[PDB]
Ligand SMILES: COc1ccc(NC(=O)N2CCN(C(=O)c3ccco3)CC2)c(F)c1
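Residue numbers (our numbering): 1 to 119.
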């Protein structure tokens, strides 16, 4: 029922994600020089370094907020892909499955801890 435990859990999951080869396209904000139409398609860029920095700054209140930003990485990838059979899009889908597998217990434990706190 530790209301704070999500934060280190998220730090460790981001470490795992940074070790995954599938995260390479998503570790830093997209360079518009490589992809000059990116901001014509994507309104809100997001990347894992931005998520880690937001966490480390103390600017997430809950793991739900972190989860919304990580999901935005994957939805941007789906929105920007020219094909479902894209190398970088397929990397996003495997990394998304890995992230969802690991974040589920973090979210569950947090919401349970908050319910206990308000009991
Ligand atoms: C040298 O540091 C960097 C900085 C940024 C990046 N990443 C990118 O430019 N990507 C291309 C666009 N993209 C897609 O979702 C997508 C779907 C289909 C095609 O692209 C997101 C990531 C990189 F690879 C190295």
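The beta carbon of each residue, even a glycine, is placed where N, CA and C say it ideally should be.
Subject >> Terminal residues of the alpha helix (DSSP H) in which residue 72 lies >> reply: Here residue 72 corresponds to residue number 72 of the chain shown, with the count starting at 1. In the DSSP annotation of this structure, the continuous segment of the alpha helix (DSSP H) that includes residue 72 starts and ends at 63-80.
Original post:
Which same chain residues, not among the five before or five after residue 70, have their C-beta less than 7 Å away from its C-beta?
Top reply: For the purposes of this step, residue 70 is taken as the residue at position 70 of the chain shown. Same-chain partners within the cutoff: 51, 99.
Original post:
Would residue 96 pass as a contact of residue 74 if the rule is Cβ separation under 8 Å?
Top reply: In the chain shown, counting from the first residue as 1, residue 96 sits at position 96. In the chain shown, counting from the first residue as 1, residue 74 sits at position 74. Between residue 96 and residue 74, the gap from beta carbon to beta carbon is short of 8 Å.
Original post:
How would you label residue 15, buried or exposed, when you count the other beta carbons within 10 angstroms and need 16 or more for buried?
Top reply: Counted from its first residue, the chain shown places residue 15 at position 15. Here residue 15 is exposed: its Cβ has fewer than 16 other Cβ atoms, across all protein chains shown, within 10 Å.
Subject >> residue 28 Cβ short of 7 Å to ligand 1 heavy atom set >> reply: For the purposes of this step, residue 28 is taken as residue 28 along the chain shown, with counting starting at 1. Yes, since a heavy atom of ligand 1 falls inside the 7 Å radius drawn around the Cβ of residue 28.
Original post:
To the nearest angstrom, how far is it from the Cα of residue 41 to the Cα of residue 57?
Top reply: Locating residue 41 in the chain shown gives position 41, where the first residue counts as 1. Locating residue 57 in the chain shown gives position 57, where the first residue counts as 1. C-alpha separation (whole angstroms): 29 Å.
Subject >> Host alpha helix (DSSP H) of residue 149 (start-end) >> reply: As displayed, the chain neither begins before 1 nor continues past 119, which places residue 149 out of reach and without an answer.
Original post:
Between residue 114 and residue 44, what straight-line distance do the alpha-carbon atoms span, to the nearest angstrom?
Top reply: Walking along the chain shown from the start, residue 114 turns up at place 114. Walking along the chain shown from the start, residue 44 turns up at place 44. Linking residue 114 to residue 44 through their CA atoms gives a straight-line distance of about 30 Å.
Original post:
What is the residue span of the alpha helix (DSSP H) that residue 111 lies within?
Top reply: Indexing the chain shown from 1 puts residue 111 at position 111. Note, residue 111: alpha helix (DSSP H), 87-117.
**OP:** Locate the alpha helix (DSSP H) running through residue 49, then write down its first and last residues.
**Re:** Along the chain shown, read from residue 1 onward, the residue named residue 49 stands at position 49. Residues 48-56.
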